[PDB]
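Letter by letter, the chains look like this.
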Protein chains: 2
Amino acid sequence: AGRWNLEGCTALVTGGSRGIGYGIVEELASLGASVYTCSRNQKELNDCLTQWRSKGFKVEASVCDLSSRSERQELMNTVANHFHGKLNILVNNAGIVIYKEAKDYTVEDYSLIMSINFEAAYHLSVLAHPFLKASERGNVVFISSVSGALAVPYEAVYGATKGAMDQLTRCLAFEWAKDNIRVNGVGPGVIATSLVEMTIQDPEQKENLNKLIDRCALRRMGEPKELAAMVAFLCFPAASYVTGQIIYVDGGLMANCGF
Amino acid sequence: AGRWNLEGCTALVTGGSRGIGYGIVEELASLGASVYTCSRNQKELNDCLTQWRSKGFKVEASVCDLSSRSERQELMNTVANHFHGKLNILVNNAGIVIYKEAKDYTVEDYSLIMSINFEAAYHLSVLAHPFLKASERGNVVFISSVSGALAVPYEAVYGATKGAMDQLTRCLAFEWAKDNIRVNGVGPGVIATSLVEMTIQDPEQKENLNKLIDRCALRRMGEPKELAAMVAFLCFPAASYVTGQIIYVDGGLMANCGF
Ligand SMILES: NC(=O)c1ccc[n+]([C@@H]2O[C@H](COP(=O)([O-])OP(=O)(O)OC[C@H]3O[C@@H](n4cnc5c(N)ncnc54)[C@H](OP(=O)(O)O)[C@@H]3O)[C@@H](O)[C@H]2O)c1
Ligand SMILES: NC(=O)c1ccc[n+]([C@@H]2O[C@H](COP(=O)([O-])OP(=O)(O)OC[C@H]3O[C@@H](n4cnc5c(N)ncnc54)[C@H](OP(=O)(O)O)[C@@H]3O)[C@@H](O)[C@H]2O)c1
Ligand SMILES: CN1[C@@H]2CC[C@H]1C[C@H](O)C2
Ligand SMILES: CN1[C@@H]2CC[C@H]1C[C@H](O)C2
């Protein structure tokens, strides 16, 4: 791969059937990477494959329920074989939200969000490690959230899963440095995705989202490609001195207090 | 309680038979609070009760394995009845550590640390909510760590549990503000406890600990009472405007880069 592209790089992006994950798959592939993705719907994935391949992108995808430990192991096995045991990039993007106040969460809600948002990202990273190392130039990017550092209504537990992810990001940057793997996190602010489309369905959640956008310096939602651009950069050989960082792509939301 | 004391306040401190928790019990009690504590060792708890009571402290304790959901429920029931349904203070101090690199953790390891370090704290907070609210002046203090914010050898997963705790702390401060409950976190640096004594039994870990001490401005470990002082203060009616904060009692560790 050249200084500003990913020509010849292999990548695995979790949850790439829509939203941010979809934009990340497009960005990485358009920059020359060979991409592999997953989601829980085969039909959806196949329609994504048809669009991507129509653009000349090298992409492959298979169904995987990241909430399942055995399914994750199966996914990594499949990917390793598909890439010949060499994986340059791992983007832990899949995630879900359960809008409830902390005390209204059930054991099932908690277990589900924790397994998909944090455990899956942690598990998959460890599973990918030998292939990232074998690649000799590995990159692990976690997709966090501003909600992992600051209070947002109905995101106490969702925020906790991201807070755990952020700390894991910092530590892995040090534990895997000798393996030539850089590890960073990208925290999106409000990005127009299906998750957001379903959110504004609720009038209260719609109003809560409007607050966020207004606390943005740019006062507008970001686009998946605006988030994907940062993820792509961190993978470029050009970003070789960047590691252990959690970068926010939020239109200035994190820098705000009274605006 | 006056502005600088806890006369008449009721409190629950988890893991108060040793180290920081022990120090917190003694501090709160010496300031007038009626305290209830727990741990997994009945014999140790009885020795403690004798020590504290002979000093005139109002303390009570029962054995409880915080890694168990049912035991946590049982604990809350007993404390609520012991305090007649009114709990002013809850200090989530109990925690353990497993010193393995992220990729060497077993599922058992991960489940254990996450259940005691984060789940127990989250669950206990929710169980205590009605009683904290009933007290008319509640305080919840989470004992975090500098490790929940920055990388420390063998504390990738441990740090993740604290990072989750820190975010939960910030959110609960907002969700429970209307119930007149303040929520804060206190992150200790290196405090002389049994956990620390066991740790330095291993030469490599002893050297890693010396790196931390050498990196704090005061260049020495703190004592349990030094950490306890900050916990007691946040509970004082004097700290009525402090909430949603994570304060570090670390001899300056968190402010250092090149010293
Ligand atoms: N949109 C925002 O404003 C925003 C802000 C901050 C952070 N984020 C983070 O960005 C990431 C993506 O969010 P998004 O808004 O793009 O969401 P989205 O539009 O709902 O897309 C999520 C993607 O992840 C997949 N996925 C979810 N659970 C999965 C599972 N258990 N197994 C396999 N695939 C799974 C979904 O596919 P299936 O449902 O078909 O399986 C989908 O492809 C998340 O980690 C989210 O926390 C988003
Ligand atoms: N010491 C430091 O330098 C330091 C630094 C940063 C953060 N911390 C945090 O401070 C807190 C206390 O640390 P410490 O150094 O005081 O530890 P410690 O000396 O090992 O004391 C921990 C206390 O919690 C109890 N405990 C542990 N697991 C329990 C369980 N599953 N159920 C019931 N009780 C349990 C222990 O009793 P049993 O084992 O007998 O049950 C003990 O009474 C922890 O959250 C730790 O993460 C400590
Ligand atoms: C309302 N929230 C904002 C945008 C979408 C949803 C989840 C995210 O982490 C932050
Ligand atoms: C070595 N670590 C330092 C001190 C004790 C153990 C846990 C803690 O959170 C930080």
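X-ray crystallography is the method the PDB entry lists for this structure, together with a resolution of 1.90 Å.

Caption draft 1: Molecular detail of the sheet that holds strand β5 (residues 138-143) of chain A. All names here are of chain A. The strand order β3-β2-β1-β4-β5-β6-β7 describes an open sheet built from 7 strands, whose pairing is parallel. Each edge of the sheet is formed by a strand with only one pairing partner; in this case those strands are β3 (58-63) and β7 (246-249). For this sheet the average axis-to-axis angle between neighbouring strands, irrespective of direction, equals 20°. Here strand β4 (residues 89-92) runs beside β5; their pairing, made up of 4 bridges, is parallel. Bridging from a neighbouring strand, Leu90 pairs with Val140 of β5. Contacting β2 (34-39) and β3, helix α2 (residues 42-54) runs over the sheet at an angle of about 180° to β3. Against the sheet, helix α5 (residues 156-175) makes contact with β5, β6 (181-188) and β7, and its axis sits at roughly 160° relative to β5, the strand it touches most.

Caption draft 2: View of the packing of aromatic side chains. Inspection of every chain in the model, using the stated rule, returns 14 aromatic pairs over all chains. Each ring, one from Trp4 of chain B and one from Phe236 of chain B, has its centre 5.9 Å from the other, and the planes form 75°; the classification is edge-to-face. Note that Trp4 of chain B is positioned in the segment before β1 (10-14) and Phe236 of chain B in the loop between α8 (224-235) and β7 (246-249), a separation of 232 residues in sequence. Of the residues examined, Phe236 of chain B reaches a relative accessible area of 8% and is grouped as buried. A connected cluster of aromatic rings, assembled from ring pairs, spans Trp4, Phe233 and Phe236 of chain A.

Caption draft 3: Molecular detail of the side chain of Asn88 of chain B. Residues and elements named next belong to chain B. Following the sequence through the fold, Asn88 ends up in the loop between α3 (69-82) and β4 (89-92). A distance of 3.1 Å separates a polar side-chain atom of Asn88 from the backbone nitrogen of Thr10. Engagement of the side chain of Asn88 in a polar contact is seen with the backbone oxygen of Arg137, the distance being 3.2 Å. Residues in contact with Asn88, not counting those within four places in the same chain, are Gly8, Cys9, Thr10, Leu132, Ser135, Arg137, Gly138 and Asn139.

Caption draft 4: Representation of the site of ligand 3. All names here are of chain A. What surrounds ligand 3 is the set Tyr99, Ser145, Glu155, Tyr158, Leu195, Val196, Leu209 and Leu212. Measuring from a nitrogen atom of ligand 3, one finds a side-chain N or O atom of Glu155 at 2.8 Å. In this structure, an oxygen atom belonging to ligand 3 sits 2.7 Å away from a side-chain N or O atom of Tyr158. Burial of ligand 3 by the protein chains amounts to 93% of its free accessible area of 280 Å². Sorting the residues of the shell around ligand 3 by element identifies α6 (194-199) and α7 (203-214) as the ones contributing at least two each. By residue class, the composition of the shell around ligand 3 is 6 nonpolar, 1 polar and 1 charged.

Caption draft 5: Focus on unusual backbone geometry. Positive phi, close to 45°, is recorded for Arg219 of chain A, a residue that is not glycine. In this structure, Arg219 of chain A sits in the loop between α7 and α8 (224-235).

Caption draft 6: How the structure looks around helix α4 (residues 107-134) of chain B. Here α4 of chain B contains 28 residues, and its C-alpha end-to-end distance of 39 Å stays within 8% of the 40 Å for a straight helix at 1.5 Å per residue. Downstream of α4 of chain B by one or two residues, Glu136 of chain B has phi in the positive range, about 75°.

Caption draft 7: Representation of the site of ligand 1 in the model. All names here are of chain A. Taken together, 30 residues sit near ligand 1, with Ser17, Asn93, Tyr158, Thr193 and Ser194 positioned nearest. Separating a nitrogen atom of ligand 1 from a backbone N or O atom of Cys64 is a distance of 3.2 Å. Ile191 is positioned with one of its backbone polar atoms (N or O) 2.8 Å from an oxygen atom of ligand 1. Protein chains bury 94% of the 890 Å² of accessible surface belonging to ligand 1 in isolation. Only α1 (19-30), α5 and α6 provide two or more residues apiece to the shell around ligand 1. With 3 residues, α6 is the single largest residue contributor to the shell around ligand 1. Looking at the shell around ligand 1, its residues break down into 13 nonpolar, 13 polar and 4 charged.

Caption draft 8: Region of the structure containing the relation of the copies chain A and chain B. You can overlay chain A on chain B at an RMSD of 0.1 Å; the transform is a turn of 180° with a shift of 0.1 Å along its axis. Here the two chains are linked by the operation of a two-fold rotation axis. Interface overlap between copies: 97% of the residues of chain A at the interface are likewise at the interface in chain B, consistent with a symmetric, same-surface contact.

Caption draft 9: Seen up close, the sheet that holds strand β3 (residues 58-63) of chain B. Residues and elements named next belong to chain B. If you trace the 7 strands from one edge of the open sheet to the other, you get β3-β2-β1-β4-β5-β6-β7, paired in parallel fashion. Single-partner strands in this sheet number two, and they are β3 and β7. With strand direction ignored, the average angle separating the axes of adjacent strands in the sheet is 20°. Along the sheet face, helix α1 (residues 19-30) touches β1, β2 (34-39), β3, β4, β5 (138-143) and β6 (181-188) and points at about 170° away from the line of β1. Sheet contacts for α4: β1, β4, β5 and β6; angle to β4, the most-contacted strand, approximately 175°.

Thresholds, definitions, all that
Residues numbered from 1 in each chain as written, not as in the entry; some residues may be left out. Chains lettered and ligands numbered in written order. Heavy atoms only, no water. Pairing = 2+ DSSP bridges. Helix = DSSP H or I, 4+ residues; strand = E, 2+ residues; numbered from the N terminus. Axes fitted to C-alpha atoms, helices over the stretch in contact; angles between N-to-C directions. Contact = heavy atoms within 4.5 Å. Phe/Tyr/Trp six-rings, centres within 6.5 Å; stacked < 30°, edge-to-face > 60°. Buried < 20%, exposed > 50% of the residue type's maximum accessible area, 1.4 Å probe, protein only. Polar contact = N/O pair within 3.5 Å; in protein donor to acceptor, adjacent residues only side chain to side chain. Near = heavy atom within 4 Å. Areas by Shrake-Rupley, 256 points an atom, 1.4 Å probe, with all protein chains shown as cover. Nonpolar A, V, L, I, M, F, W, Y, C, P; charged D, E, K, R; others polar. Expected span 1.5 Å × (residues − 1). Least-squares fit on C-alpha atoms.

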